[PDB]
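S.K.: Taken in order, the sequence shown gives residues 12 to 82, 88 to 104, 112 to 217; the numbers are from the authors' numbering.
Each residue gets a CB set at the ideal place from its N, CA and C atoms; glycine is no exception.
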Amino acid sequence: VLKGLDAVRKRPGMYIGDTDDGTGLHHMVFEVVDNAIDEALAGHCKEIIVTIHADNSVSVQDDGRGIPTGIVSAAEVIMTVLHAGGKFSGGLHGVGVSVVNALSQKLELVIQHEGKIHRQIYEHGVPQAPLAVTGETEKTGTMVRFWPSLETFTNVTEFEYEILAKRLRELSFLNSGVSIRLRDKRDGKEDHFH
Ligand SMILES: CO[C@@H]1[C@@H](OC(N)=O)[C@@H](O)[C@H](Oc2ccc3c(O)c(NC(=O)c4ccc(O)c(CC=C(C)C)c4)c(=O)oc3c2C)OC1(C)C
């Protein structure tokens, strides 16, 4: 529900981890990647691309199946409901992307599959309009890009390349075969963990 989100916004730290030391802020990046890494362990994703935007926004693009689009879409459901369809200083593990959505001033969702492109925009967890096809494609994959809420995150508010590179590096190693790339639009630094 709408309340479901209210609860998250009310006590973010309980779900995401500490909101003042940079922990929660970077964990917002990790949950999304973990979702992509799961699509890879499933056998459908081969490459993951993680980009830091100079507007202090982070995007994660994958070439997996694309969250099912058909009918509210199931994708909308994954983005707005707590442990959708199931059950559950670092906050929660596998908290779900709905929690990253709720704690985001803005989140943009882009999905490709079945020859189409679908997009939807949310604000503080709320869809600003329905999910719609915007064009045609031959590729498949999910792209999530979000802008953390400044009413939730204090003190350490800007993403830091070093923190992500250490973890993405660990993730590729522990998940042999998965290719993850990291790019810093702020300075042109890029990394490829294989
Ligand atoms: C964040 O969404 C994640 C996905 O994340 C990424 N990055 O792909 C991924 O981690 C995993 O993705 C799944 C997990 C299960 C199915 C899955 O069972 C599919 N097969 C279907 O036949 C199907 C077709 C229509 C439909 O409404 C549903 C149920 C919807 C679900 C499970 C989200 C499933 C499918 O097409 O894609 C799937 C996908 C893409 O689970 C989600 C949806 C929570």
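Kindly examine ligand 1 and report whether one of its heavy atoms sits closer than 6 Å to the Cβ of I203.
M.R.: No, ligand 1 has no heavy atom inside 6 Å of this Cβ.
S.K.: Residues bridged to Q151 by DSSP?
M.R.: In the DSSP output, where bridge partners are listed per residue, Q151 has none listed.
S.K.: Please list the segments of the beta strand (DSSP E) lying wholly inside the stretch 124-201, counting only runs of 3 or more residues, in order along the chain.
M.R.: With a minimum length of 3 residues, the continuous beta strand (DSSP E) runs that stay inside the stretch 124-201 are 127-136, 139-146, 155-159, 164-171.
S.K.: Is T160 near ligand 1 - that is, is its Cβ less than 6 Å away from at least one heavy atom of it?
M.R.: No, Cβ of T160 sits at least 6 Å from all heavy atoms of ligand 1.
S.K.: Can you list, in chain order, the residues of its chain whose CB lies under 8 Å from that of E159, leaving out five sequence neighbours each side?
M.R.: Within the same chain, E159 has close Cβ partners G138, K139, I140.
S.K.: Start and end of the beta strand (DSSP E) containing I63?
M.R.: Segment 58-64, the beta strand (DSSP E) holding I63.
S.K.: Any idea which residues DSSP pairs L205 with across the strands?
M.R.: Beta-bridge pairing links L205 to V61, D214.
S.K.: Can you grab the Cα-Cα spacing for the pair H217 / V201, in whole Å?
M.R.: If you take the alpha carbons of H217 and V201, they lie about 7 Å apart.
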